Amino acid sequence: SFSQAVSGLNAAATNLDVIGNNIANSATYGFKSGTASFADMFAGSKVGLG
Amino acid sequence: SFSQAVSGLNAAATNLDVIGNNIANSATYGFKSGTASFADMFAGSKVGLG
Amino acid sequence: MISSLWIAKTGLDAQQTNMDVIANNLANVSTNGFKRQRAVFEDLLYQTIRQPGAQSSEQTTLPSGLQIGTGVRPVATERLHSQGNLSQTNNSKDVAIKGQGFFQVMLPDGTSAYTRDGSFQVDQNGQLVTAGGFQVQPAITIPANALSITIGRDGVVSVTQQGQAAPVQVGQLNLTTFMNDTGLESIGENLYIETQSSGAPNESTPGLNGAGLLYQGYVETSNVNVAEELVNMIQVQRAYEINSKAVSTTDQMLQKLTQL
Amino acid sequence: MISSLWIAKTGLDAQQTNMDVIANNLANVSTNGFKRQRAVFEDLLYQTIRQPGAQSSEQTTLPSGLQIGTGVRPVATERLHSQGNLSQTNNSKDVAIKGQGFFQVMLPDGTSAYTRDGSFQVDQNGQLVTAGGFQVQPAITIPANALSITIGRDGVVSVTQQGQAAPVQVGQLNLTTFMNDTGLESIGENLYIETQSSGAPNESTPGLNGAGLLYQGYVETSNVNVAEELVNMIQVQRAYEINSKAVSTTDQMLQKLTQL
Amino acid sequence: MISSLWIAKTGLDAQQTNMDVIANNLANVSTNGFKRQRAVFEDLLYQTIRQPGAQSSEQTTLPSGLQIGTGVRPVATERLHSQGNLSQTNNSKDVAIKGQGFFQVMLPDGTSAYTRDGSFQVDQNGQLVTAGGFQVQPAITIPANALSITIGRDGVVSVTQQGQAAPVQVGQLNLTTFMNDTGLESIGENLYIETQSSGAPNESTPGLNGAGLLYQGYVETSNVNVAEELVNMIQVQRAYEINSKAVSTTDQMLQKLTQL
Amino acid sequence: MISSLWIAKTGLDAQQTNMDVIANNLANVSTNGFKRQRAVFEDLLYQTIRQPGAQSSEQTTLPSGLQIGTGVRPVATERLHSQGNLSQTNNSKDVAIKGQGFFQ
Amino acid sequence: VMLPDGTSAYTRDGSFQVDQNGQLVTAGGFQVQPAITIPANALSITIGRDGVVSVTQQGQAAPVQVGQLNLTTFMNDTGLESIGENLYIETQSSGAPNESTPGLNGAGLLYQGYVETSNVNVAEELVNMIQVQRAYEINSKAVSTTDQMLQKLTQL
Amino acid sequence: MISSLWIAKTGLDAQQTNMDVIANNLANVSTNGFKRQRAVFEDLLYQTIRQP
Amino acid sequence: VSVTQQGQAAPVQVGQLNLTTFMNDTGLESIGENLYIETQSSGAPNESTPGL
Amino acid sequence: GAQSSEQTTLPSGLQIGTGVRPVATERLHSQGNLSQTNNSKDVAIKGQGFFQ
Amino acid sequence: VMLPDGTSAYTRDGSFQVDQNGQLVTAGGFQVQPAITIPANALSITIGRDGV
């Protein structure tokens, strides 16, 4: 729960960095916006890893 | 590990001193702003000094 | 004096090392061209007692014998060599690297150190020097009558004199790359020297076989991430407190025994 | 000199061994690729005196006769080989295992050891080694001018050179699986060696018949559950208290016999 | 009058010596340039009784005969001559060493002592003295109306005068290095004198021959690490308690002898 | 009454002196032209026992003998004579120093 | 370790010091075998896994090998004679001292920065003191009983 | 009881005097012909453990 | 009795520790130096592999 | 110091001592820290004098 | 050790002192041969492993 929560914290930070990069490039000719895709990291099926 | 953090606190205080001095001279003819540069104090690697 | 006490006395020291690394990283959050550290740990001795796999009978083996272990030791603190974010502080004397190369600087004793800090100054004689006063190599002199300094993406330093429409080339800045960037020995003042684990210094031009690119008016900031250091402090503090609790439990156990 | 004192001494030694195991587990919390250990005890000999089941009388037998037991002894310490939670260190050379495989390294002596920790570095010559400088086999040679190292899910190590849109394969990282994973002899330094109780090392590709998947930029932290360790510390302290009280009670009884 | 009493008395004395060293280390937390101490212990004599290796039979030997040992005694006290953490005192008169050098000062008796403490003052005559008033060597004298004192990384002391655009040199702060730094005899007042076990005084400038670099405005704090001292206090207390229990057991044995 | 107790007693006294220095520095924040104090300590005497460098055998010397030390003592309290921040009170009689002089 | 008289002793206490002429010696001043001389220009001394001692001097980017730490292995360890100050001398029960590199021929490894502590188990010794004391109190009572029996016999 | 405690109590009282002066200055903003106060402090006694 | 040799993932068998069993163990002759010798009331020393 | 022999002297002879006694109770006449009681009548001395 | 009559005796009591003319003597005052004479400006006397 301190490694499953850290993973979610880092994922949210990555998403926010992507959003900030999209905002900063509002006026940039030829720029394409970016989005982040997340996937779970299950192991056994009863033990989630974040 | 107390001196290492005290040094960082002092560096942040110096940065804020420079920022405050720059702000106070917003309207002062012939004023050139200041900038503080920092360098680490590694002793023999594998340990930090601040 | 007792085994668990030594083991928990190694746990305390390892967690103190982790806190030292975290605090040193947080203290240098603003120094340009900084690479943050990461401490790695490994298991100490493992007392054999009953040997694992020992032949108890003539046909039955003993699986996973009584392997009582000792505490922990740290192998080393390794530098996480990643590209710090570049900052546009718009000065002609600040240069930032985009790849994985290093600037070569000549130490006063005649040896050469390697630095990724790009905040360069000009001494009274006109040479490019590091902010600590160490002269850069292979020496780039700047005339007194200089109007503008232009350092291109290939490291060519040009100076435009008065009333002349063409720039004058005053040198060529080269980047040193190593087989192993982690093995370099940090000597402070944002300086690293060569060690035998870092191979040999391969000098290269900025854009060819693997030296990085130089951007003028840019400074390379540190790669330290504050939030991760905060979370790591919260976890190191808890681990240190729990190991101290183990020390206290051992102390209490030794009390009753002696009292008997 | 008296039986109860030997029994209580054995109990005290067993509880001290349990505390030593707990302290070793708590000292290796920050170690990557560490597995927590648990000790299992067995009761000692049983004095026969009156053989149960003997004829108590011509037509009747003795039900559950007089057996006097000795103390306790530890059988073995078993590891818990389970997947620890993954941690993102954002490093191109850190590798974590999702399944049940091990990395193979060569000791300087020429023998082969096995480690689950994936914190890898590169030496001065280019080969992938562990933190202790041991060379990962099968030898993976990273060339001088590498820009990025990609390690896939199936163990292929590729290097992307400058100006070439295709990546150059420079090795193949395999995983070794053993029938009995807990039977390996731990030599410390995060290293396990094969014993006769750990079967034979079966090499396999990471993704095939049961080797795990390799994740780049991830490290497998220890599986030590700390709250369980605190509760077990409480339990061990109380058990040591009770055994010491038994020793003290036996001491008080022998005193009255001396006084006689 | 009984062997065990003398042995346990020696043990008590050794533990008291360990506690004395611990208290000395703890009392000097705020001392600049202080080095922590460690005690080394050895076995005392060994009563031979049976000779191990003697001829028991015509073709058999006596393996590991009856050797009875005496108590314990401290061998020696060793310092940990390592770099202490630096502290910024923002004073132009305070100098810190980054390597392994010593400052040479002159005692009032005319003999030279060596100190790593950098808290310097200027006397009424202008000579750079230490906090106790001993004159550094050489007499780095200071002019009358100095505005600022600049001590470089290589020991060059310069003074900036008024109306003069160039700093004047008033001395050269040198460092003394020894073959064995642990062999220097401590005399108090943060002063070490030469002995025959500390080699010879090698005078050198800061930066060459290994001697360290000088930082102006910083002081070298003590290297005492508190957590080790606390765990060692626990160790000393419990070992002292065990040895006192052994003394008490010997006392009860002797008393039982007296009653008969 | 025992050596370690005296050493710890000296350490306590030194730390108390440091606390007094800090308290004095704090009490004079609003004073004009005040220079803060800093205390410097020194390590006390050493009980010799075995002499470091004493010739044990005919040829081998004893390195780093049993130098059991006593506590600590404060040498001095030094002022930091540095130019404090100047404050404008706009008064015709208040004077401030820019360098390193003193009024008599 | 080489003793002043020239005969070699053996120790497991790994706390070493450099003497005034370089030279690694034990804390008692006896020189360790074989010879390692550390120069003045040394910045850091590293002792490897296999006992190789390397010294880093200023300027040189490559460490300079100085000496080799050779471990002496006996085949009967307990048969050694404890000569006092953390030293054992060979006897007829522990003959043939085999010099070897650490890690080879069954020899152990070297960890630098760590010292092996005593293996004395404390609870065992306390329980043994209890047993010894009560045993000395039951033998003393046997002495007293024999004395009383003799006094009664010789009184008539 | 302790020198540090007396020094800190004295510093507290001095800062309280400064606060009272500031409050009295603020309370008399609208008064005609008022002159605001300013407090001047000084160092107290200095014990000579070792004479400079 | 098996020993571990360096580099050999397998133990080397050295010997078997056999136990001698007597019929009337109480009839043995205690000769002093923690040794019993066979006496006509404790005859027939049967060597055996322990456990069998 | 007595002549133990015809040519030698006795060093440090047999002195058996009795217990311990208190000599004197001395006062430490130093300057205590000042406390301000906001009283027009309380006076404090700064040097080394006494009121009569 | 040298007896008053001039013949040499032998002792194992290692408690020695020094008399007023330098010189090491026993607790009884008899002088020890060989003759070892400690000077007056001595700061510390070390007796080594080999009797130096």
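Read-outs throughout are calculated quantities, based only on the coordinates presented, and are distinct from any laboratory measurement. When we count neighbours, we look across all protein chains shown, and the Cβ atoms used for this are built from the backbone with ideal geometry, even at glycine.
Against chain E, whose longest principal axis comes from its Cα atoms, helix E:226-259 is set at around 30 degrees.
Taking label points 7 Å from Cα along the Cα-to-Cβ direction, I:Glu33 and H:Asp20 give a separation of 9.9 nm. Taking the Kirkwood radius as Rh and the Cα radius of gyration as Rg, region G:69-126 has a ratio of Rg/Rh equal to 1.03. Gyration tensor analysis over the Cα atoms of chain A returns equivalent ellipsoid semi-axes of 32, 11, 4 Å (largest first, whole Å).
Between E:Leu147 and E:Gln164, the modelled label-to-label distance comes to 1.2 nm, taking each label 7 Å out from Cα in the direction of the beta carbon.
Counting only Cα atoms, the size of chain H along its three principal axes is 54, 25, 9 Å, in decreasing order. For region B:37-50, 3J(HN,Hα) computed residue by residue from phi via the Karplus equation (6.51, -1.76, 1.60; θ = phi - 60°) reads 10, 10, 9, 6, 10, 4, 8, x, 6, 6, 9, x, 10, x Hz, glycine and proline entered as x.
Across region C:157-260, the volume of the C-alpha convex hull divided among the residues equals 208 Å³ per residue. Largest first, the extents of the alpha carbon coordinates of region D:85-173 on the three principal axes equal 39, 32, 20 Å.
How are the alpha carbon pair distances in the protein assembly as shown distributed across 10 Å bins from zero to the largest one, expressed in percent? P(r) for the protein assembly as shown, in whole percents per bin: 1, 6, 12, 17, 18, 16, 12, 8, 5, 2, 1, 0, 0, 0. Structural descriptor for chain G: relative contact order 17 percent, calculated from alpha carbon pairs under 8 angstrom and at least 6 residues apart. Take the alpha carbon atoms of region J:2-19, find their center, do the same for region F:45-104, and report the distance between the two centers in whole angstrom. Value for the Cα centre distance between the two parts: 48 Å. Projecting label points 7 angstrom from Cα along Cα→Cβ for E:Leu5 and A:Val47 puts them 6.1 nm apart. Expressed per residue, the C-alpha convex hull volume of region C:208-256 stands at 120 Å³. A convex hull fitted to the Cα coordinates of region E:191-232 yields 157 cubic angstrom per residue. On a 0 to 90 degree scale, rounded to 10, what angle separates helix D:3-27 from the longest Cα axis of chain D? Long axis of D:3-27 versus the principal axis of chain D: about 20 degrees.
Whole-Å semi-axes of chain C's equivalent ellipsoid, largest first, each the root of 5 times a Cα gyration tensor eigenvalue? Display every interim value, and only then the final one.
Numbers: eigenvalues 584, 87, 43 Å².
For chain C, the ellipsoid semi-axes come out as 54, 21, 15 Å.
Beyond 28 Å between alpha-carbons counts as too far, so tell me which of D:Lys35/E:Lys35; E:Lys35/E:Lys93; F:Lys98/J:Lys46; D:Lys93/E:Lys35; F:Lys35/H:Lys9 fall in that bin. In this structure, D:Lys35/E:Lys35; F:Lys98/J:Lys46; D:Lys93/E:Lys35 exceed 28 Å between Cα atoms.
Ordering K:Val32, D:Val224 by the number of other Cβ atoms within 10 Å of each residue's own Cβ, fewest first, gives K:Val32, D:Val224. Largest GNM mean-square fluctuation across G:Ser144, G:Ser93, G:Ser44, computed for chain G with C-alpha springs under 10 Å, falls on G:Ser144.
The calculated 222 nm mean residue ellipticity attributable to helices in the protein assembly as shown amounts to -8000 deg cm²/dmol, summing -39500 (n - 2.57) over DSSP H runs of n ≥ 4 and dividing by all residues.
Taking amide H atoms as placed 1.01 Å from N in the peptide plane, the amide H of B:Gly50 lies under 5 Å from those of B:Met41, each 5 or more residues away in sequence or on another chain. Here the mean projected area of the convex hull built on the C-alpha positions of chain F is 11.9 nm². Less than 14 Å Cβ to Cβ from E:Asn25, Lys/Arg counted +1 and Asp/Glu -1: what total charge do the surrounding residues give? For residues surrounding E:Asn25, the net value is -1.
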